[PDB]
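Just the one chain here, laid out as structure tokens, in the form deposited in one PDB entry.
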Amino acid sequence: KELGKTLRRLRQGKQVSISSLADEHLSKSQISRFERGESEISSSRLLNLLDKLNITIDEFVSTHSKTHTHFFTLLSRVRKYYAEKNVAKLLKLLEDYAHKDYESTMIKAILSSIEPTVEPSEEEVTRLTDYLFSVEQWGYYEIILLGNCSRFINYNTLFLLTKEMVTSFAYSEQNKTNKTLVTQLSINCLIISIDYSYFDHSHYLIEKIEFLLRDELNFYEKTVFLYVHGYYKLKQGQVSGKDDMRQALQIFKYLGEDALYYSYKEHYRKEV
């Protein structure tokens, strides 16, 4: 493949020689043959090279040419076509992914928001939720599928899926990307539980979100959680919840986040 070309450019960018990288267990001929695309190298040997070069495996694959994952290739395209509300490109895209079950279900859920003829069937959603109940750990794939399809999942399943996601998601201490997404979807599920006064779920979600935010910055999620948690208190008769919601609005205004400000201020003039 072209993995060797990527390794050579990164190695030369750091002014590191092949000889300095090679040692008693991975030779210079093996590194060079890999860099020249004439030979393959094992996964453990590639990770050892990147460790010596102080390059994350995540930096290496994102530095590599266009070999984005099958999923992020679709996600990047679907986000482009949705930003332009291009229904024609989205259906051609849905046509190109008809052989992929969960992927086409997600495209239908996204496309339904801007064109009402399209929507995922309940059999398609259940196939997705069945899959999501079965996974050992929740990765970027599972999290994005849930977030883009949550409007078509009945609440009780959405809460159980949220509980599975919070207790078994894959995050690293160096890449908190999945942890941040899990927090946002947990807050979104907390919002719905408060709307229906399912305060048994709200109290559980508040505990998990507070734990997810511990030892983290995540000021956006804390601001949203400040509003949502205050919304929870207000619906339980605690008038102090109004102050938390107004403080969150103040943060949006202070940072010039006008879209979030009006989106949450409209929710505040409602329900009050």
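Start at 1 with the first residue shown and count on from there. C-alpha atoms forming the largest set that superposes within 1.5 Å between two forms make up the rigid core.
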Check your understanding: According to the deposited model, is the average Cα temperature factor higher in 174-182 or in 85-93?
Key -> 85-93
Revision key, fill the gap. Entry B factor averaged over C-alpha atoms, 231-239 against 63-71: higher for 63-71
Check your understanding: If you check the C-alpha B-factor for each of 98, 143, 191, 132 in the entry, which is highest?
Key -> 98
Review point. When the CA B-factors of 54, 29, 39, 218 are compared as recorded in the entry, which is the largest?
Key: 39
Check your understanding: By the record's CA B-factor, is residue 264 among the lowest, middle or highest third of residues in the chain?
Key -> highest
Review point. Would the CA B-factor of residue 7 place it in the lowest, middle or highest third of its chain?
Key: lowest
Practice item. Check where residue 246 lands among this chain's C-alpha B-factors and tell me if it's the lowest, middle or highest third. Key: lowest
Practice item. Grab the CA temperature factor for residue 203 from the record and place it in the lowest, middle or highest third of its chain. Key: highest
Check your understanding: Which third of the chain does residue 168 land in by C-alpha B-factor: lowest, middle or highest?
Key -> highest
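The same protein has a further form, the form deposited in another entry, not shown here; the description that follows concerns it.
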Practice item. Might you check 198, 102, 169, 159 and identify the only one whose CA position changes by 2 Å or more between the shown form and the other one on rigid-core superposition? Key: 169
**Study point:** residue 213 C-alpha relocation of at least 2 Å between the shown form and the other one, rigid core basis
**Key:** no
Review point. Would the C-alpha of residue 240 be classed as shifted by 2 Å or more between the shown form and the other one after rigid-core alignment?
Key: no
Point to revise | Large Cα shift (2 Å or above) at residue 226 between the shown form and the other one, core-fitted | key: no
Point to revise | Comparison of CA distance in that other deposited form with shown form for residue 142, residue 170, at least 3 Å | key: farther
Practice item. Compare the CA separation of residue 158 and residue 175 in that other deposited form with the one in the displayed structure, and answer closer or farther (the difference is at least 3 Å). Key: closer
